Amino acid sequence: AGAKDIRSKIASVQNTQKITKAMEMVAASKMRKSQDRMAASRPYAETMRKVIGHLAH
Amino acid sequence: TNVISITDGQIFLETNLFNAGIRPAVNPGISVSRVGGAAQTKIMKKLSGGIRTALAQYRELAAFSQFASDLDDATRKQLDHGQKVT
Amino acid sequence: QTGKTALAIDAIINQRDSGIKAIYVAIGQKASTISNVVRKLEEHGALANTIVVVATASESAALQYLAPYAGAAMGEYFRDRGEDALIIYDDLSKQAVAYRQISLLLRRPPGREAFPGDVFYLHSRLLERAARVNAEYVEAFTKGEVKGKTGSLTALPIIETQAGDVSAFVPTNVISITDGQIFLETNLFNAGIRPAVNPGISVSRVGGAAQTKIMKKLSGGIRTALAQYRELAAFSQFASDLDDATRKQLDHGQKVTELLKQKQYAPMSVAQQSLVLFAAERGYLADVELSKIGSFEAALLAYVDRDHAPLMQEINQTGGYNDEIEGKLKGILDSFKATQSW
Amino acid sequence: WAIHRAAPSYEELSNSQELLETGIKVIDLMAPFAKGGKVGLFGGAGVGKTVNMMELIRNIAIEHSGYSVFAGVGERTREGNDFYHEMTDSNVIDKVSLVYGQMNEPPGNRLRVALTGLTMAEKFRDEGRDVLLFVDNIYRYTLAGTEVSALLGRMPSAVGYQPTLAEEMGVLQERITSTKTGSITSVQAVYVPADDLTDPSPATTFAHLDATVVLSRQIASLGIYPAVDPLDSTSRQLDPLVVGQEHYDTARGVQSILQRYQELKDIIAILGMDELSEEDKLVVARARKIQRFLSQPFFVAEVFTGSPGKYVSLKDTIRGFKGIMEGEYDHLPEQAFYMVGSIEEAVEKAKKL
Amino acid sequence: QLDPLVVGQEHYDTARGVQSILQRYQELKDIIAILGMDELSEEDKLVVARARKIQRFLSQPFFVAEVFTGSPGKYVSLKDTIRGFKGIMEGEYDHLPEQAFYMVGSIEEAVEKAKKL
Amino acid sequence: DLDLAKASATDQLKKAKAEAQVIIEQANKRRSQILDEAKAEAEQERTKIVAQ
Amino acid sequence: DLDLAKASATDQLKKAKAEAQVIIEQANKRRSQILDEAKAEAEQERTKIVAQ
Ligand SMILES: Nc1ncnc2c1ncn2[C@@H]1O[C@H](COP(=O)(O)OP(=O)(O)OP(=O)(O)O)[C@@H](O)[C@H]1O
Ligand SMILES: Nc1ncnc2c1ncn2[C@@H]1O[C@H](COP(=O)(O)OP(=O)(O)O)[C@@H](O)[C@H]1O
Ligand SMILES: [Mg+2]
């Protein structure tokens with residue numbers, strides 16, 4: 001404790017807060033790309049299940 | 001804080017900028033002139049307007065720099081310009 | 001700007017009929033505000049039961065410093081004759097500043113936050129006169145002209161504190177002189193929870209001995225349940241772990257806080273308060289929406305004003321809680337919940 | 001007249017609580033002035049402080065019959081010179097008196113200038129007018145009182161301020177009131193040391209302020225003028241008991257819409273507009289219309305915009321924001337509301353926009 | 001007087017165990033404040049769960065506080081309290097909830113209160 | 001079962017049209033209570049203001 | 001048959017409940033208006049009495 005070091009803590013925590021805001025913005029964008037890659041994975045499995053259904057049922 | 005009350009502005013010189021090799025270490029956004037464009041010549045008044053906004057956008061997108069910018073584009077162009085003027 | 005004055009003048013106004021004389025001491029306040037307060041006291045008819053003592057912000061610091069001591073001396077007249085009085089000191093922090101000015105102009109060596117050490121003695125000797133006295137003191141004082149009565153002077157000092165800091169010097173001096181504190185929080189006030197009372201800090205050292213039996217019984221743990229509900233909400237904001245009883249604890253606490261807010265200048269009698277507390281803690285607000293809580297009370301207090309009025313007149317006379325009265329209250333709330341709409 | 005007097009006595013104060021109709025939509029809605037109140041302008045230079053001051057001087061001289069006094073307590077001589085030229089080249093100069101305490105004068109000069117302005121405003125009040133007193137920095141009055149007290153050698157107090165700090169503020173601020181003959185309203189620029197609202201100078205001043213207007217660099221960046229911030233500007237005249245329930249509900253309404261819009265604008269920043277429901281899109285639309293409609297053209301600003309200035313009565317602002325909030329005028333575009341005037345003028349702008 | 005020779009080793013060792021856990025919980029509060037608890041280590045979560053139970057088990061009803069709590073008061077003998085704290089630190093109660101430890105005289109009363117939830 | 005069901009559907013269709021009315025009836029009564037209490041409080045207030 | 005019948009009958013009960021709030025909303029609106037009128041007359045009466 002001591003206002004010159006307290007002011008040092010405040011600057012350190014402020015810098016930390018900016019970077020976490022940046023990580024929130026990036027995580028939202030990566031979520032979008034990975035949910036587009038998710039939809040592209042559906043058609044292969046869907047048609048393969050229809051063929052398996054045709055033989056099995 | 002007395003002399004900041006008396007004068008028309010300040011050029012604020014930062015030691016972390018000096019250590020980073022920004023020399024002269026003028027720190028924009030906390031250094032300002034209250035006279036502004038009236039002092040400048042027309043050509044400098046015309047051209048300097050963009051630099052102030054460009055450097056401010058660089059300050060915002062500086063957080064996205066170290067952690068990678070691979071996740072954005074238009075900003076990667078704004079960041080690229082901002083670093084090159086800096 | 002947290003409602004300190006509003007709470008104190010609404011206390012004054014509710015003694016308008018209760019036989020307690022009132023005194024309001026304005027120290028360092030704006031004269032416009034003082035004239036507006038007096039005009040609001042007169043608008044509600046309380047003015048005929050109050051003394052008002054004024055020292056405006058324009059007046060010499062000595063007049064401010066002696067302002068609350070003058071007010072105390074008038075309040076002591078009623079106490080020593082075996083009557084009851086209530087005294088408000090509108091800012092003891094402004095008295096301390098005025099005494100600090102006079103003390104420093106006399107070059108007296110300052111202490112913590114530049115107040116003199118005499119600043120405890122200043123507020124101590126003032127507030128320690130707000131007392132209740134036994135009948136032998138009243139008899140001996142009045143030379144036997146009054147027998148067997150006991151007088152009292154009740155004091156509500158106000159302290160304004162910077163940024164909510166309850167740990168600054170003068171706030172902590174007065175917290176150590178009084179019998180409790182009501183702490184008003186700007187975060188609640190800005191959220192529209194008004195009056196913005198913060199439980200857990202607030203306390204009354206005297207305790208229930210100040211309540212009527214019915215209020216004592218119906219209130220009970222409501223304080224600590226609200227303090228815990230506020231703490232649970234803090235962690236519940238942070239992660240999801242909802243285990244049903246947490247869900248019902250959160251619903252109950254949110255309905256109680258929505259039930260405890262109240263409008264300025266709308267005091268409600270002990271019969272009305274005891275119905276409201278009965279309805280909250282006997283569970284009747286089950287099936288009732290938060291947006292309906294204010295409607296639910298307004299309809300309930302009109303329902304009991306219309307039909308079961310004689311009980312209200314009984315509970316307001318003697319604040320007695322019996323199984324007979326609990327049964328009547330149960331029938332009133334059962335019938336209202338079942339039969340009426342809001 | 002002598003500069004030194006006592007404040008009005010208890011029987012002289014006005015037995016009523018009137019409002020001042022400034023004519024500015026943001027102020028009269030969001031931060032209404034009591035007649036005879038104190039207002040604090042909590043913004044830095046760059047933002048239109050002086051043009052707002054000149055607009056108030058104009059409206060109170062034209063649309064009422066008031067005069068103004070300006071007290072430059074501790075002003076830079078340069079800004080004193082070109083404030084005089086900006087008032088003379090805008091025809092407001094004949095309706096204001098100027099007393100200037102330039103910083104190069106000894107401390108006793110700067111302290112007493114504040115009282116010289118106040119005694120001139122007391123004369124115009126005694127003639128029966130309603131008067132505006134502008135104090136160019138109330139912090140510089142406080143600091144002039146500290147410097148003089150230190151020269152006189154009195155023991156310091158608090159954070160090194162004079163021991164008489166609260167008295168000297170009270171001696172100024174209590175003369176500025178509404179009496180039974182007229183009133184002095186005051187608009188005071190405030191500087192907060194170290195950005196610290198707990199420091200004795202802010203803490204003493206805020207006991208006296210009734211309204212609080214914040215000016216924003218961001219709102220100016222949007223091009224919205226006047227650059228008042230609707231969410232941090234406040235007035236303790238916003239209660240139903242003094243301002244009435246329609247005005248209170250409308251001001252509370254636009255505050256809620258603008259606050260909700262700020263949260264939605266963060267959601268849009270991280271996740272785009274696709275996340276918004278129809279209710280959210282309606283809230284965002286009305287919020288943009290409300291934001292546009294807080295702009296106004298001043299008779300002082302005609303030099304730049306070229307549009308004629310407008311004075312808007314309080315009723316017309318209440319009609320306008322009532323309309324936009326409850327979804328009337330949803331059928332005409334947001335740029336019809338910008339810089340226009342009344343809401344009746346907004347629709348007539350829209351018809352060919 | 002808190003010495004092995006004066007109070008015996010079991011008391012001394014239980015008191016130093018309580019301090020060691022509660023200090024370690026203070027060392028975790030800054031990371032818990034910034035990042036919350038899910039980023040703690042899997043036994044750091046266990047320390048925090050024991051420390052919060054210890055904090056609540058230090059609380060006690062007083063016979064002079066019936067005017068305030070209304071709850072009946074409790075007297076706890078030395079042998080009974082050190083057994084309770086030792087048992088929490090060994091984790092024999094690590095399946096009760098925190099609220100069970102609040103305002104209870106003895107550990108028995110905590111397991112009984114956990115039966116009442 | 002077609003004759004039972006067509007009648008029972010008509011019985012049901014009847015029933016909602018009734019019960020909609022008794023809600024709207026009860027609501028108009030509750031209105032009338034709210035407004036008459038509005039007249040009562042309006043008078044009670046005026047008796048205070050004249051004494052002021 | 002109960003298909004169209006239940007849907008159209010239950011919908012109108014949902015409408016009647018929504019309309020029940022409409023009725024009670026108007027009653028509270030007029031209560032406010034009635035309150036303004038009574039208060040304004042009471043203050044006007046006081047204004048004339050004081051002037052006299
Ligand atoms: N029950 C209430 N509900 C809503 N608003 C209230 C209530 N009580 C008070 N207020 C509002 O609080 C504001 C401040 O009131 P008041 O001046 O009493 O607070 P204060 O903290 O005493 O102020 P100050 O600190 O200036 O003396 C006013 O707008 C008043 O209308
Ligand atoms: N209503 C308005 N219309 C056009 N420009 C405005 C308006 N209000 C403010 N400005 C601009 O804001 C800037 C700063 O205003 P100014 O009064 O000089 O602030 P300050 O004097 O505090 O620096 C100027 O460019 C001024 O033209
Ligand atoms: Mg107050």
# chains A, B, ... in the order shown; residues from 1 in each chain; ligands from 1

call {"tool": "interface_residues", "arguments": {"of": "chain B", "to": "chain D", "cutoff": "12 Å", "atoms": "only C-alpha atoms", "output": "CSV table (one decimal) with N, CA and C atoms, in the first residue's frame"}}
result
chain,number,residue,atom,x,y,z
B,1,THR,N,-0.1,21.5,-12.0
B,1,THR,CA,-1.5,21.8,-12.2
B,1,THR,C,-1.8,23.3,-12.2
B,2,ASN,N,-1.0,24.1,-11.6
B,2,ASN,CA,-1.1,25.5,-11.8
B,2,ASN,C,-0.8,26.0,-13.2
B,3,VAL,N,0.3,25.6,-13.8
B,3,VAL,CA,0.7,26.0,-15.1
B,3,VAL,C,-0.1,25.4,-16.2
B,4,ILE,N,-0.7,24.3,-16.0
B,4,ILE,CA,-1.8,23.7,-16.9
B,4,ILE,C,-3.0,24.6,-16.9
B,5,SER,N,-3.3,25.2,-15.8
B,5,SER,CA,-4.4,26.2,-15.7
B,5,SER,C,-4.1,27.5,-16.5
B,6,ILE,N,-2.8,27.9,-16.6
B,6,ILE,CA,-2.5,29.2,-17.2
B,6,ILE,C,-2.3,29.1,-18.7
B,7,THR,N,-1.7,28.1,-19.3
B,7,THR,CA,-1.3,28.0,-20.6
B,7,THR,C,-2.4,27.6,-21.6
B,8,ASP,N,-2.1,27.7,-22.9
B,8,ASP,CA,-3.1,27.4,-24.0
B,8,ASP,C,-3.1,26.0,-24.4
B,9,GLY,N,-2.3,25.1,-23.8
B,9,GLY,CA,-2.2,23.7,-24.2
B,9,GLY,C,-1.0,23.1,-23.6
B,32,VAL,N,-2.7,18.6,-26.4
B,32,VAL,CA,-3.6,19.3,-27.2
B,32,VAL,C,-3.3,20.7,-27.2
B,33,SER,N,-3.7,21.4,-28.3
B,33,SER,CA,-3.6,22.9,-28.5
B,33,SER,C,-5.0,23.5,-28.5
B,34,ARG,N,-5.3,24.4,-27.6
B,34,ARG,CA,-6.6,25.1,-27.6
B,34,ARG,C,-6.7,26.1,-28.7
B,35,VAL,N,-5.6,26.5,-29.3
B,35,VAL,CA,-5.7,27.4,-30.5
B,35,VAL,C,-6.0,26.6,-31.8
B,36,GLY,N,-5.5,25.4,-31.9
B,36,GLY,CA,-5.8,24.6,-33.0
B,36,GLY,C,-5.6,25.1,-34.4
B,53,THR,N,-7.4,11.6,-36.4
B,53,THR,CA,-8.4,10.5,-36.4
B,53,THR,C,-7.8,9.1,-36.6

call {"tool": "calpha_fit_and_write", "arguments": {"fixed": "chain G", "moving": "chain F", "output": "mmCIF file with N, CA, C and O atoms, in the first residue's frame"}}
result
data_model
loop_
_atom_site.group_PDB
_atom_site.id
_atom_site.type_symbol
_atom_site.label_atom_id
_atom_site.label_comp_id
_atom_site.auth_asym_id
_atom_site.auth_seq_id
_atom_site.Cartn_x
_atom_site.Cartn_y
_atom_site.Cartn_z
ATOM 1 N N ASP F 1 -63.593 -30.159 -37.479
ATOM 2 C CA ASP F 1 -64.208 -29.073 -36.704
ATOM 3 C C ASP F 1 -63.934 -29.119 -35.186
ATOM 4 O O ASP F 1 -64.008 -28.069 -34.561
ATOM 5 N N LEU F 2 -63.507 -30.247 -34.619
ATOM 6 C CA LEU F 2 -63.128 -30.249 -33.176
ATOM 7 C C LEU F 2 -61.853 -29.430 -32.962
ATOM 8 O O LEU F 2 -61.765 -28.779 -31.909
ATOM 9 N N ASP F 3 -60.938 -29.398 -33.937
ATOM 10 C CA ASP F 3 -59.629 -28.777 -33.762
ATOM 11 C C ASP F 3 -59.771 -27.261 -33.996
ATOM 12 O O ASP F 3 -59.271 -26.438 -33.227
ATOM 13 N N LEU F 4 -60.593 -26.901 -34.988
ATOM 14 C CA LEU F 4 -61.005 -25.525 -35.243
ATOM 15 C C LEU F 4 -61.768 -24.961 -34.042
ATOM 16 O O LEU F 4 -61.503 -23.836 -33.629
ATOM 17 N N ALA F 5 -62.734 -25.701 -33.499
ATOM 18 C CA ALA F 5 -63.570 -25.235 -32.402
ATOM 19 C C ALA F 5 -62.814 -25.084 -31.085
ATOM 20 O O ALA F 5 -63.006 -24.087 -30.399
ATOM 21 N N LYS F 6 -61.949 -26.040 -30.730
ATOM 22 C CA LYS F 6 -61.121 -25.973 -29.513
ATOM 23 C C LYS F 6 -60.128 -24.815 -29.603
ATOM 24 O O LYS F 6 -59.983 -24.053 -28.643
ATOM 25 N N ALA F 7 -59.494 -24.616 -30.761
ATOM 26 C CA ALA F 7 -58.685 -23.423 -30.957
ATOM 27 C C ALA F 7 -59.551 -22.148 -30.883
ATOM 28 O O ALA F 7 -59.241 -21.274 -30.089
ATOM 29 N N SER F 8 -60.704 -22.093 -31.558
ATOM 30 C CA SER F 8 -61.571 -20.901 -31.607
ATOM 31 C C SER F 8 -62.131 -20.527 -30.233
ATOM 32 O O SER F 8 -62.248 -19.346 -29.921
ATOM 33 N N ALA F 9 -62.465 -21.511 -29.395
ATOM 34 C CA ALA F 9 -62.818 -21.323 -27.990
ATOM 35 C C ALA F 9 -61.663 -20.740 -27.171
ATOM 36 O O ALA F 9 -61.879 -19.889 -26.316
ATOM 37 N N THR F 10 -60.437 -21.211 -27.406
ATOM 38 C CA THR F 10 -59.237 -20.657 -26.763
ATOM 39 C C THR F 10 -58.933 -19.220 -27.223
ATOM 40 O O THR F 10 -58.677 -18.366 -26.394
ATOM 41 N N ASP F 11 -59.029 -18.928 -28.520
ATOM 42 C CA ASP F 11 -58.970 -17.580 -29.151
ATOM 43 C C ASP F 11 -60.007 -16.678 -28.477
ATOM 44 O O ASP F 11 -59.636 -15.554 -28.089
ATOM 45 N N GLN F 12 -61.253 -17.146 -28.339
ATOM 46 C CA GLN F 12 -62.277 -16.380 -27.626
ATOM 47 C C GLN F 12 -61.915 -16.142 -26.156
ATOM 48 O O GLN F 12 -62.037 -15.021 -25.652
ATOM 49 N N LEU F 13 -61.439 -17.169 -25.466
ATOM 50 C CA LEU F 13 -61.100 -17.085 -24.045
ATOM 51 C C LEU F 13 -59.948 -16.104 -23.811
ATOM 52 O O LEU F 13 -60.009 -15.255 -22.916
ATOM 53 N N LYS F 14 -58.875 -16.240 -24.587
ATOM 54 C CA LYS F 14 -57.898 -15.162 -24.773
ATOM 55 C C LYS F 14 -58.500 -13.761 -24.939
ATOM 56 O O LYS F 14 -58.127 -12.830 -24.215
ATOM 57 N N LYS F 15 -59.425 -13.592 -25.878
ATOM 58 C CA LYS F 15 -59.921 -12.267 -26.255
ATOM 59 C C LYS F 15 -60.602 -11.528 -25.100
ATOM 60 O O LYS F 15 -60.342 -10.341 -24.888
ATOM 61 N N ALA F 16 -61.490 -12.188 -24.352
ATOM 62 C CA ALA F 16 -62.111 -11.522 -23.200
ATOM 63 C C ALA F 16 -61.095 -11.153 -22.106
ATOM 64 O O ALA F 16 -61.241 -10.111 -21.455
ATOM 65 N N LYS F 17 -60.085 -11.982 -21.863
ATOM 66 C CA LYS F 17 -59.093 -11.627 -20.845
ATOM 67 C C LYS F 17 -58.305 -10.369 -21.223
ATOM 68 O O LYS F 17 -58.080 -9.493 -20.379
ATOM 69 N N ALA F 18 -57.871 -10.263 -22.479
ATOM 70 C CA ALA F 18 -57.339 -9.002 -23.001
ATOM 71 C C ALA F 18 -58.275 -7.810 -22.766
ATOM 72 O O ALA F 18 -57.894 -6.819 -22.135
ATOM 73 N N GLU F 19 -59.507 -7.893 -23.267
ATOM 74 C CA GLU F 19 -60.410 -6.739 -23.372
ATOM 75 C C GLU F 19 -60.886 -6.240 -22.008
ATOM 76 O O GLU F 19 -61.174 -5.049 -21.840
ATOM 77 N N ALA F 20 -61.004 -7.156 -21.055
ATOM 78 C CA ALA F 20 -61.124 -6.815 -19.639
ATOM 79 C C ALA F 20 -59.978 -5.931 -19.138
ATOM 80 O O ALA F 20 -60.211 -4.955 -18.421
ATOM 81 N N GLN F 21 -58.737 -6.261 -19.485
ATOM 82 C CA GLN F 21 -57.601 -5.418 -19.104
ATOM 83 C C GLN F 21 -57.633 -4.025 -19.740
ATOM 84 O O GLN F 21 -57.369 -3.032 -19.055
ATOM 85 N N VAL F 22 -57.960 -3.915 -21.029
ATOM 86 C CA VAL F 22 -57.950 -2.599 -21.677
ATOM 87 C C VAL F 22 -59.067 -1.699 -21.155
ATOM 88 O O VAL F 22 -58.936 -0.470 -21.175
ATOM 89 N N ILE F 23 -60.176 -2.274 -20.697
ATOM 90 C CA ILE F 23 -61.170 -1.492 -19.957
ATOM 91 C C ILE F 23 -60.597 -0.987 -18.636
ATOM 92 O O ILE F 23 -60.692 0.202 -18.311
ATOM 93 N N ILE F 24 -59.985 -1.882 -17.862
ATOM 94 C CA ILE F 24 -59.423 -1.549 -16.552
ATOM 95 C C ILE F 24 -58.253 -0.574 -16.679
ATOM 96 O O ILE F 24 -58.056 0.300 -15.826
ATOM 97 N N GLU F 25 -57.488 -0.689 -17.757
ATOM 98 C CA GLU F 25 -56.455 0.290 -18.098
ATOM 99 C C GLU F 25 -57.040 1.672 -18.385
ATOM 100 O O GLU F 25 -56.615 2.675 -17.805
ATOM 101 N N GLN F 26 -58.029 1.734 -19.269
ATOM 102 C CA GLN F 26 -58.710 2.979 -19.625
ATOM 103 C C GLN F 26 -59.387 3.633 -18.416
ATOM 104 O O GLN F 26 -59.366 4.860 -18.269
ATOM 105 N N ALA F 27 -59.976 2.828 -17.542
ATOM 106 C CA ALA F 27 -60.577 3.312 -16.294
ATOM 107 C C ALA F 27 -59.547 3.949 -15.356
ATOM 108 O O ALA F 27 -59.818 4.990 -14.746
ATOM 109 N N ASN F 28 -58.376 3.341 -15.221
ATOM 110 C CA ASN F 28 -57.284 3.936 -14.451
ATOM 111 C C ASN F 28 -56.758 5.224 -15.080
ATOM 112 O O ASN F 28 -56.353 6.135 -14.352
ATOM 113 N N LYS F 29 -56.740 5.318 -16.402
ATOM 114 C CA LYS F 29 -56.458 6.603 -17.043
ATOM 115 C C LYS F 29 -57.529 7.648 -16.724
ATOM 116 O O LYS F 29 -57.205 8.786 -16.372
ATOM 117 N N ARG F 30 -58.801 7.276 -16.798
ATOM 118 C CA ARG F 30 -59.894 8.217 -16.536
ATOM 119 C C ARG F 30 -59.888 8.684 -15.083
ATOM 120 O O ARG F 30 -60.104 9.867 -14.799
ATOM 121 N N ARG F 31 -59.662 7.761 -14.154
ATOM 122 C CA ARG F 31 -59.316 8.119 -12.779
ATOM 123 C C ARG F 31 -58.241 9.206 -12.722
ATOM 124 O O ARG F 31 -58.432 10.258 -12.097
ATOM 125 N N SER F 32 -57.122 8.984 -13.398
ATOM 126 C CA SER F 32 -55.979 9.890 -13.350
ATOM 127 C C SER F 32 -56.324 11.262 -13.914
ATOM 128 O O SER F 32 -55.812 12.276 -13.436
ATOM 129 N N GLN F 33 -57.208 11.311 -14.898
ATOM 130 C CA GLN F 33 -57.742 12.572 -15.408
ATOM 131 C C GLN F 33 -58.600 13.285 -14.364
ATOM 132 O O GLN F 33 -58.451 14.490 -14.135
ATOM 133 N N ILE F 34 -59.503 12.553 -13.726
ATOM 134 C CA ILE F 34 -60.403 13.086 -12.704
ATOM 135 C C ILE F 34 -59.630 13.639 -11.506
ATOM 136 O O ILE F 34 -59.925 14.730 -11.011
ATOM 137 N N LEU F 35 -58.610 12.924 -11.053
ATOM 138 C CA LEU F 35 -57.792 13.353 -9.912
ATOM 139 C C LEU F 35 -56.871 14.529 -10.242
ATOM 140 O O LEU F 35 -56.677 15.419 -9.405
ATOM 141 N N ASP F 36 -56.285 14.555 -11.429
ATOM 142 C CA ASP F 36 -55.471 15.707 -11.831
ATOM 143 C C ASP F 36 -56.312 16.971 -12.011
ATOM 144 O O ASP F 36 -55.863 18.071 -11.681
ATOM 145 N N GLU F 37 -57.514 16.840 -12.550
ATOM 146 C CA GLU F 37 -58.475 17.944 -12.572
ATOM 147 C C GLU F 37 -58.954 18.319 -11.167
ATOM 148 O O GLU F 37 -59.287 19.480 -10.908
ATOM 149 N N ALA F 38 -58.995 17.352 -10.261
ATOM 150 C CA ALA F 38 -59.218 17.636 -8.843
ATOM 151 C C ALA F 38 -58.081 18.446 -8.220
ATOM 152 O O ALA F 38 -58.333 19.338 -7.406
ATOM 153 N N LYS F 39 -56.834 18.155 -8.572
ATOM 154 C CA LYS F 39 -55.704 18.968 -8.113
ATOM 155 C C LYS F 39 -55.732 20.378 -8.704
ATOM 156 O O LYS F 39 -55.447 21.355 -8.006
ATOM 157 N N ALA F 40 -56.076 20.497 -9.980
ATOM 158 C CA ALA F 40 -56.190 21.798 -10.642
ATOM 159 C C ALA F 40 -57.282 22.685 -10.035
ATOM 160 O O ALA F 40 -57.039 23.861 -9.736
ATOM 161 N N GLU F 41 -58.483 22.151 -9.854
ATOM 162 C CA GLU F 41 -59.566 22.913 -9.225
ATOM 163 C C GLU F 41 -59.287 23.209 -7.753
ATOM 164 O O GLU F 41 -59.643 24.282 -7.254
ATOM 165 N N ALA F 42 -58.645 22.283 -7.046
ATOM 166 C CA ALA F 42 -58.211 22.545 -5.675
ATOM 167 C C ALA F 42 -57.300 23.768 -5.589
ATOM 168 O O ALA F 42 -57.476 24.616 -4.709
ATOM 169 N N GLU F 43 -56.323 23.884 -6.487
ATOM 170 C CA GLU F 43 -55.465 25.071 -6.482
ATOM 171 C C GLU F 43 -56.227 26.320 -6.909
ATOM 172 O O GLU F 43 -56.054 27.386 -6.311
ATOM 173 N N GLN F 44 -57.052 26.220 -7.943
ATOM 174 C CA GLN F 44 -57.776 27.388 -8.442
ATOM 175 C C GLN F 44 -58.641 27.998 -7.342
ATOM 176 O O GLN F 44 -58.722 29.224 -7.208
ATOM 177 N N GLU F 45 -59.328 27.153 -6.575
ATOM 178 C CA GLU F 45 -60.156 27.618 -5.461
ATOM 179 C C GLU F 45 -59.354 28.362 -4.398
ATOM 180 O O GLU F 45 -59.770 29.425 -3.924
ATOM 181 N N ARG F 46 -58.218 27.808 -3.987
ATOM 182 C CA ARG F 46 -57.383 28.456 -2.975
ATOM 183 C C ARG F 46 -56.971 29.869 -3.372
ATOM 184 O O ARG F 46 -56.906 30.764 -2.520
ATOM 185 N N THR F 47 -56.679 30.096 -4.651
ATOM 186 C CA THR F 47 -56.338 31.447 -5.090
ATOM 187 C C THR F 47 -57.493 32.432 -4.932
ATOM 188 O O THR F 47 -57.255 33.635 -4.791
ATOM 189 N N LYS F 48 -58.738 31.961 -4.985
ATOM 190 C CA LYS F 48 -59.870 32.832 -4.661
ATOM 191 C C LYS F 48 -59.963 33.164 -3.173
ATOM 192 O O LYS F 48 -60.143 34.327 -2.796
ATOM 193 N N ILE F 49 -59.832 32.154 -2.320
ATOM 194 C CA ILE F 49 -60.060 32.316 -0.885
ATOM 195 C C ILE F 49 -59.060 33.265 -0.234
ATOM 196 O O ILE F 49 -59.417 34.029 0.670
ATOM 197 N N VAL F 50 -57.812 33.267 -0.693
ATOM 198 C CA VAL F 50 -56.829 34.204 -0.148
ATOM 199 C C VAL F 50 -57.142 35.650 -0.507
ATOM 200 O O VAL F 50 -56.928 36.556 0.305
ATOM 201 N N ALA F 51 -57.656 35.899 -1.704
ATOM 202 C CA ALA F 51 -58.072 37.253 -2.039
ATOM 203 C C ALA F 51 -59.256 37.718 -1.201
ATOM 204 O O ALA F 51 -59.353 38.901 -0.866
ATOM 205 N N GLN F 52 -60.156 36.805 -0.858
ATOM 206 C CA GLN F 52 -61.237 37.110 0.073
ATOM 207 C C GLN F 52 -60.721 37.540 1.441
ATOM 208 O O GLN F 52 -61.253 38.473 2.050
#

call {"tool": "residues_near_ligand", "arguments": {"ligand": "ligand 3", "cutoff": "9 Å", "atoms": "only C-alpha atoms and all ligand atoms", "output": "PyMOL selection string"}}
result
chain C and resi 1-8+29+33+90-91+158+160

call {"tool": "write_last_selection", "arguments": {"atoms": "C-alpha atoms", "output": "tab-separated table (two decimals), in the first residue's frame"}}
result
chain	number	residue	atom	x	y	z
C	1	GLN	CA	-29.57	13.33	-2.68
C	2	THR	CA	-30.55	10.03	-1.15
C	3	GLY	CA	-33.73	10.98	0.72
C	4	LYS	CA	-32.28	11.76	4.14
C	5	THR	CA	-34.45	14.87	4.60
C	6	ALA	CA	-37.54	13.26	3.06
C	7	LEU	CA	-37.32	10.40	5.54
C	8	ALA	CA	-36.91	12.79	8.48
C	29	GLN	CA	-28.99	24.57	4.70
C	33	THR	CA	-34.87	24.65	0.83
C	90	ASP	CA	-30.42	18.39	9.60
C	91	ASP	CA	-26.64	18.10	9.16
C	158	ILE	CA	-28.33	13.25	9.80
C	160	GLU	CA	-23.83	13.13	4.82

call {"tool": "residues_around", "arguments": {"residues": "residue E:69", "least_positions_apart": "4", "cutoff": "8 Å", "atoms": "only C-alpha atoms", "output": "ChimeraX atom specification"}}
result
/C:221 /E:61,65

call {"tool": "residues_near_ligand", "arguments": {"ligand": "ligand 2", "cutoff": "6 Å", "atoms": "only C-alpha atoms and all ligand atoms", "output": "count of residues only"}}
result
12

call {"tool": "residues_near_ligand", "arguments": {"ligand": "ligand 1", "cutoff": "10 Å", "atoms": "only C-alpha atoms and all ligand atoms", "output": "ChimeraX atom specification"}}
result
/C:1-10,29-30,33,37,90-91,158-161,184-186,189-190,192-196,261-266 /D:206-210,235-242

call {"tool": "closest_atom_pairs", "arguments": {"of": "chain A", "to": "chain D", "cutoff": "10 Å", "atoms": "only C-alpha atoms", "output": "JSON lines"}}
result
{"residue": "A:24", "atom": "CA", "partner": "D:270", "partner_atom": "CA", "distance": 7.9}
{"residue": "A:25", "atom": "CA", "partner": "D:270", "partner_atom": "CA", "distance": 5.7}
{"residue": "A:26", "atom": "CA", "partner": "D:270", "partner_atom": "CA", "distance": 8.7}
{"residue": "A:27", "atom": "CA", "partner": "D:270", "partner_atom": "CA", "distance": 9.3}
{"residue": "A:28", "atom": "CA", "partner": "D:270", "partner_atom": "CA", "distance": 6.5}
{"residue": "A:29", "atom": "CA", "partner": "D:271", "partner_atom": "CA", "distance": 7.9}
{"residue": "A:32", "atom": "CA", "partner": "D:271", "partner_atom": "CA", "distance": 8.9}
